[PDB]
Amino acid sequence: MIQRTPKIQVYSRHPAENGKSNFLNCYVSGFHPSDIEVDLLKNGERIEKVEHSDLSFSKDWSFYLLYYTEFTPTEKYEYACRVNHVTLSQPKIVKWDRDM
């Protein structure tokens, strides 16, 4: 068995083909097992209808999830990615750094 704590990166991207659009991304990488719960949060609120949940694995024991959705970040909301994983005794909330 192997278990690997997801690395969690939360960042915003504009698709270059629609630069007006802003995507909050939670890139959850290198985890094993694949079982995971990943949410994007707006304050503590899970963002529903996260448009993209792209799971892949490299090695059979390394999973990568890009979990991202269009969002419109404003000051009034903190955005975060919340990951639960067996390796994470508590949900890991990685705040979107507004500069990221």
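The numbering used is simple: start at 1 and walk along the sequence shown.
A summary of the deposited B-factors shows that, of 28-36 and 59-67, the stretch with the larger mean C-alpha value is 59-67. When all modelled residues of the chain are sorted by CA temperature factor, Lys92 is found within the middle third. In the deposited entry, the Cα temperature factor of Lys7 sits in the middle third of values across the chain's modelled residues. Remark: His14 belongs to the middle third of its chain, ranked by C-alpha B-factor as recorded.
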